[PDB]
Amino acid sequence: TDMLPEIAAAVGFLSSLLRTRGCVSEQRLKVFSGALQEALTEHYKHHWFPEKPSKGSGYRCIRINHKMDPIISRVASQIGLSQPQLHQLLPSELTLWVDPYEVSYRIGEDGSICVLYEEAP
């Protein structure tokens, strides 16, 4: 019931966007992926409750508005991506919900809710 699959799906989504929209070597994309996985599992450790998936949902949520998510920012820094470049490469107004058994996202305040990952408990 551990948090890796949901977090790796989230991270794979953000990586894919860097790969697609950017010019980032796989070496860097791999550093970013592992580092973001570790960052987020540290971040979610005490805020993960498999039996009540919406509990802690707001805390775990990854937002990109006019400020970049601070964990994305610092991990991305680790591979030499500045926040302004992230802003350019990643969608505007992105919301990424990373909950037990379900990863989902929205591009834009009024975009569709897409499911990245769903699995049965």
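Position 1 is the first residue in the sequence shown; the rest follow in order.
> Comparing 74-82 with 22-30, which has the greater mean CA B-factor as deposited?
According to the entry, 22-30 carries the higher average C-alpha B-factor.
> Can you tell me whether 86-94 has a higher mean C-alpha B factor than 34-42 in this record, or the other way round?
The stretch with the larger average C-alpha B-factor is 86-94.
> Could you tell me which third, lowest, middle or highest, the C-alpha B-factor of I107 occupies within its chain?
Middle third - that is where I107 ends up once the chain's C-alpha B-factors are sorted.
> What third of its chain's C-alpha B-factors does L116 belong to: lowest, middle or highest?
Middle third by C-alpha B-factor.
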